[PDB]
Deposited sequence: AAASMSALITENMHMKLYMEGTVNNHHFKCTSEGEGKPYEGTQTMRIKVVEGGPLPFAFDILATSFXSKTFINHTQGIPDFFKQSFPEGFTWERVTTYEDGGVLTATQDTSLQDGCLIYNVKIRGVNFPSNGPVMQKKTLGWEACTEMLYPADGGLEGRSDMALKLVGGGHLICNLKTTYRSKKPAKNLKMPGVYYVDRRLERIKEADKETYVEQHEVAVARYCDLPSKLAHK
C-alpha cells in the first residue's frame, strides 16, 4: 500500500555532453524520503576525467526525498507507482547553459533515475572549465502548479576559489506519469535545499554527494 517507505534505495544512469565532451555516469545511494535526506555515490564511467567542474552536474542526480511538512500535498511521492519526470534549463550568468531531462520510475522497491545532460557555451577560460569551483550555497526553490504539472524556479550560487560566486538560474518543469484525476495538487510553496559534496577521488571520477531538502509554505505573517 505505501510504496515510498522510511528508507529507500537508488540506482541511476546518466549520459550527456558538455560543450563538446561526451561522458557517462552511474550512481547508487539511499536516503530517508520523509526526512528529506539522501546520499548518492557516483562514478564517472565514461569520458573521465571530465574537463569541467563536477558542480555543474550536481543538481542532476532526486525529488522524492523532500520533507513535505505542513501537509503540503506531495506531488512526487503521489506519482507512484507510475513515477514522474523533470526537465530543466540552468542558465549561467557567464554564458554556460545546461539542460537536462530526467525519468524517475519505481521498480522492485528501488528508485531508478535515468538522466540526460546537454551543456553548451561554457566559456573555455571560465571558472567551470578551469575547475575553480568549491560547490554550491544552499538555495530556495519556488514550486507552483502549471498545466497539470508543477514548475520550479530558483537561483543558485556556485562558490569560487578566491571567495567569489558565479550565479545561475533554474527553470524546471515537473510532470507526473500518473493521471491527474488521482493527484491532489499543492499550492505555491517553497523548498529549502542544501546540496553538499561529501568526498571525491581521482579527479572527480568518484564523488559522494548529500542533500537535505524541506518544503514549506511562507511562514511570515499575512494581512490578507
query = If you line up the deposited sequence with the model, which stretches have no C-alpha coordinates?
reply = 1-5, 67, 231-233
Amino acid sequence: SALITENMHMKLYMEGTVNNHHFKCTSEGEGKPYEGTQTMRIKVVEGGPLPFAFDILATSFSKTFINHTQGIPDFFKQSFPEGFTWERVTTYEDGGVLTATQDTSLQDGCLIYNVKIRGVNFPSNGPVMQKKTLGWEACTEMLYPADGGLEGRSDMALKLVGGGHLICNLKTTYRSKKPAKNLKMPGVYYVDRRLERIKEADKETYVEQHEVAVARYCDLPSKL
From here on, numbers count along this sequence of modelled residues.
key: Higher-B stretch (mean Cα B-factor, as the entry records it), 28-36 or 180-188   = 180-188
note = Taking the deposited Cα B-factors and averaging over 90-98 and over 140-148, the higher mean is found in 140-148
ask   = Quick one: which of 63, 68, 171, 159 has the biggest Cα B-factor according to the entry?
value = 68
task = Choose from 111, 117, 134, 129 the residue with the greatest Cα B-factor as stated in the PDB record.
result = 111
inquiry  = Where does the C-alpha B-factor of residue 107 rank in its chain, lowest, middle or highest third?
reply    = highest
ask   = Which third, lowest, middle or highest, does the CA B-factor of residue 208 fall in along this chain?
value = lowest
request  = Among all modelled residues of this chain, ranked by Cα B factor, put residue 198 in the bottom, middle or top third, i.e. lowest, middle or highest.
outcome  = middle
key: Assigned third (lowest, middle, highest) for the C-alpha B factor of residue 42   = middle
key: Ranked C-alpha temperature factor of residue 58 among modelled chain residues, by third   = middle
